[PDB]
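Below sits a lone chain in structure tokens, taken as the form deposited in one PDB entry.
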């Protein structure tokens, strides 16, 4: 099971402003949709409520400590262990955010899909710092910038840098 971070962030790692994306880039969201197709989306409750609804074609799994928390068309997990058990047969899952959710899955992450937006927005939640020396870029692509997607941004994908033995 591949554990993958799926994230869009600005030049200071902003991922949200008052439980919202500070930007509107439909093309980016269509990239997310294409990329996570057939695979679970793992998200914290706040991330989920900020998104607004179950994202179709997709196993939506909500991570909250709240044991009474239920929403229709979703699965709820209360810990990382619970998620791994729910996804026992999955090829790959996408940790979909909540800064706190990324931190929870950090010791398990194998793959990073990071959209970097070349701009500084106002924000209050951040993608946590990571040591990128442990990571190796395998794919990059400049996002579509137009009327509907005003900012410049790039899709990046990273895998573990393998150590050469001494």
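Numbering follows the first chain given and starts at 1. By rigid core we mean the largest C-alpha set that fits within 1.5 Å across both forms.
Keep in mind that the form deposited in another entry is missing from the display, and what follows is about it.
Chemist: Once the rigid core is lined up, just say which one of 120, 138, 132, 37 has a C-alpha that travels 2 Å or more between this form and the one not shown.
Modeler: With the rigid core superposed, the residue that stands out is 132.
Chemist: Rigid core fitted, then: does residue 154 show a CA shift of 2 angstroms or greater between this form and the one not shown?
Modeler: False for residue 154: its C-alpha shift is below 2 Å.
Chemist: So that I can tell if residue 26 moves, could you say whether its C-alpha shifts by at least 2 Å between this form and the one not shown after the core superposition?
Modeler: The answer is yes, as the C-alpha of residue 26 shifts between this form and the one not shown by 2 Å or more after core alignment.
Chemist: Mind checking the CA-CA distance of residue 27 and residue 96 in the other entry? It differs by 3 Å or more from this form, so is it closer or farther?
Modeler: Relative to this form, closer in the other entry.
Chemist: Just to spell it out: taking the C-alpha atom of residue 136 and the C-alpha atom of residue 130, is that distance smaller or larger in the other entry than in the structure shown here, given it changes by 3 Å or more?
Modeler: Nearer in the other entry, by 3 Å or more.
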